[PDB]
**Student:** 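Would you mind keeping the following structure in view while I ask a few things?
So you know, we letter chains A, B, ... as the sequences are listed, proteins then strands, and number each from 1.
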Amino acid sequence: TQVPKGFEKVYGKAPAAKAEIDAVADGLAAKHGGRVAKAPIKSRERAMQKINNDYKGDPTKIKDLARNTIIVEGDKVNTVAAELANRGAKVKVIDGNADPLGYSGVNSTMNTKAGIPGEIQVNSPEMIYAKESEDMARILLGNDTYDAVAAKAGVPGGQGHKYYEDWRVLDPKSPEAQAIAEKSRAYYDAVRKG
Amino acid sequence: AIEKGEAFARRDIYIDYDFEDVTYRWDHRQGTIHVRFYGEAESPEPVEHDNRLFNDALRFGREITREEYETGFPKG
């Protein structure tokens, strides 16, 4: 497995980028009544594999060495999105009507003072319940939010990431893609109806 | 978005994904994906069809023309 050129120089700013994006995340999270799921720095092997595969060996192109998630109630997601934009983040607002898989949420990239990008995602508890496995949703939401969301959910949780995995491995001309994407949109739509 | 299926079998497809400053070229005859990042020449190494960033480009990017792709986008 080939170390990318300049890899360690980029990797060493990741702790400082983490502190920076974690500080702004918990600011904004504690502003609107939400929580921040902080995460460690991307592991070395995976960071290198992702630089080599997604970014053809350029380590300055990887954006999620440092990352976290802001979990807020549904109608605050948008407010938080605008907040990250005002701090210069690159912001992707996903609505379920364009994404072939019908997911919704916010992703943003922040160029931190340490000289590398940080990733801050934002979503509601309902969306995270829907997309992530139970183990994952329990960590992101905490045990009590998880249990509250699951009791009031109208759909079994945790199917979203499943559909993504089945869709992602398909060849771009696959006869199977369209049916999987439809199943994913119908799933996330049922979540959002309630 | 550029959904998998009909279009990729129909013809060449060119994709802009501005969130990550990346473009892709699909050659339907050869069945190959190539990547071109903003401000760069196209990478010679083909891209695997289950590649993470490519599938992000399908979900969240937009279709462009062959001329737009070949002209390229200034580095962000």
**Student:** Using 0.5 Å steps for rounding, measure from the NZ atom of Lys56(A) to the CD atom of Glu42(B).
**Tutor:** 10.0 Å
**Student:** Side chain, backbone, both or neither: which part of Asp18(B) has a heavy atom under 4.5 Å from chain A?
**Tutor:** both
**Student:** Would a single hydrophobic cluster contain both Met136(A) and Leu101(A), if residues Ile, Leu, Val, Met, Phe, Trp and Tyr are joined by side-chain heavy-atom contacts under 4.5 Å?
**Tutor:** no
**Student:** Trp26(B) and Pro172(A): which non-hydrogen atoms are nearest, and at how many Å?
**Tutor:** CZ3-CG, 3.8 Å
**Student:** Do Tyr187(A) and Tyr129(A) sit in the same hydrophobic cluster, where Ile, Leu, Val, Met, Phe, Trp and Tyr count as joined when their side-chain heavy atoms come under 4.5 Å apart?
**Tutor:** no
**Student:** Which atoms of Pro175(A) come close to chain B, meaning under 4.5 Å heavy atom to heavy atom: side chain ones, backbone ones, both, or neither?
**Tutor:** neither
**Student:** Taking atom NZ of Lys183(A) as the centre, does the number of heavy atoms from other residues, nucleotides or ligands within less than 6.0 Å exceed 12?
**Tutor:** no
**Student:** Taking the six-membered ring of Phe19(B) as reference, does the NZ or CZ atom of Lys92(A) fall below 6.0 Å from its centre and within a 45° cone about the axis?
**Tutor:** yes
**Student:** Would you say that more than 12 heavy atoms from the other residues, nucleotides or ligands in this model lie under 6.0 Å from the CZ of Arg46(A), or not?
**Tutor:** no
**Student:** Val47(B) versus chain A, heavy atoms under 4.5 Å apart: side chain, backbone, both or neither?
**Tutor:** both
**Student:** Select one option (side chain, backbone, both, neither) describing which atoms of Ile94(A) are under 4.5 Å from chain B's heavy atoms.
**Tutor:** side chain
**Student:** Do NZ/NE/NH1/NH2 and the carboxylate oxygens of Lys61(A) and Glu40(B) come within less than 4.0 Å?
**Tutor:** yes
**Student:** Name the region of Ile33(B), side chain, backbone, both or neither, that has any atom closer than 4.5 Å to a heavy atom of chain A.
**Tutor:** side chain
**Student:** Walk me through it: do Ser174(A) and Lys4(B) pass the test side chain to side chain contact (heavy atoms under 4.5 Å, CB included)?
**Tutor:** CA-CA 7 Å; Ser174(A) 161; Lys4(B) 290 178 182 173; 5.7 Å; no
**Student:** Considering all heavy atoms of both residues, which atom of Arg52(B) and which atom of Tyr55(A) are nearest to each other, and what is their separation?
**Tutor:** NH2-OH, 2.9 Å
**Student:** Who among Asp58(A), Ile180(A), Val169(A) has the most heavy-atom pairs with chain B under 4.5 Å?
**Tutor:** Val169(A)
**Student:** Report the option among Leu170(A), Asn53(A), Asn107(A) that has the most heavy-atom pairs separated by less than 4.5 Å from atoms of chain B.
**Tutor:** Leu170(A)
**Student:** Answer yes or no: are there more than 12 heavy-atom neighbours, outside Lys76(A) itself, under 6.0 Å from its atom NZ?
**Tutor:** no
**Student:** What are the residues of residues 57-76 of chain B, in order of number, with any heavy atom under 4.5 angstrom from a heavy atom of chain A?
**Tutor:** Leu58(B), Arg59(B), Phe60(B)
**Student:** Which region of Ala98(A), side chain (C-beta onward) or backbone (N, CA, C, O), has a non-hydrogen atom less than 4.5 Å from a non-hydrogen atom of chain B, or is it both or neither?
**Tutor:** backbone
**Student:** Consider only side-chain heavy atoms of I, L, V, M, F, W and Y, link residues closer than 4.5 Å, and tell whether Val35(B) and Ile2(B) are in one cluster.
**Tutor:** yes
**Student:** Between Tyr17(B) and chain A, with a heavy-atom cut-off of 4.5 Å, which part of the residue counts as in contact: side chain, backbone, both or neither?
**Tutor:** side chain
**Student:** Go through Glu6(B), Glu20(B), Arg10(B) and name the one with the most non-hydrogen pairs under 4.5 angstrom from chain A.
**Tutor:** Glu20(B)
**Student:** Let me know if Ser108(A) has heavy atoms under 4.5 Å from chain B in its side chain, its backbone, both or neither.
**Tutor:** backbone
**Student:** Check this for me: does any side-chain nitrogen of one of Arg168(A) and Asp50(B) sit under 4.0 Å from a carboxylate oxygen of the other?
**Tutor:** no
**Student:** Count I, L, V, M, F, W, Y as connected when their side-chain heavy atoms are under 4.5 Å apart, and connections chain through other members. Are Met127(A) and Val77(A) then in the same cluster?
**Tutor:** no
**Student:** Shared ILVMFWY cluster between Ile15(B) and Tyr38(B), side chains joined below 4.5 angstrom?
**Tutor:** no
**Student:** Does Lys38(A) NZ have over 12 foreign heavy atoms under 6.0 Å away?
**Tutor:** yes
**Student:** Relative to chain A, which segment of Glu48(B) carries a heavy atom at a distance below 4.5 Å: side chain, backbone, both, or neither?
**Tutor:** neither
**Student:** Please determine whether the number of non-hydrogen atoms from other residues, nucleotides or ligands lying under 6.0 Å from atom CD of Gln178(A) exceeds 12.
**Tutor:** no
**Student:** Please assess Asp21(B) against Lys90(A) for the test side chain to side chain contact (heavy atoms under 4.5 Å, CB included), listing each intermediate value before the final yes or no.
**Tutor:** CA-CA 11 Å; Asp21(B) 287 357; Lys90(A) 202 179 203 327; 3.9 Å; yes
**Student:** When you compare the side chains of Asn51(B) and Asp54(A), does any donor N or O come within less than 3.5 Å of an acceptor on the partner?
**Tutor:** yes
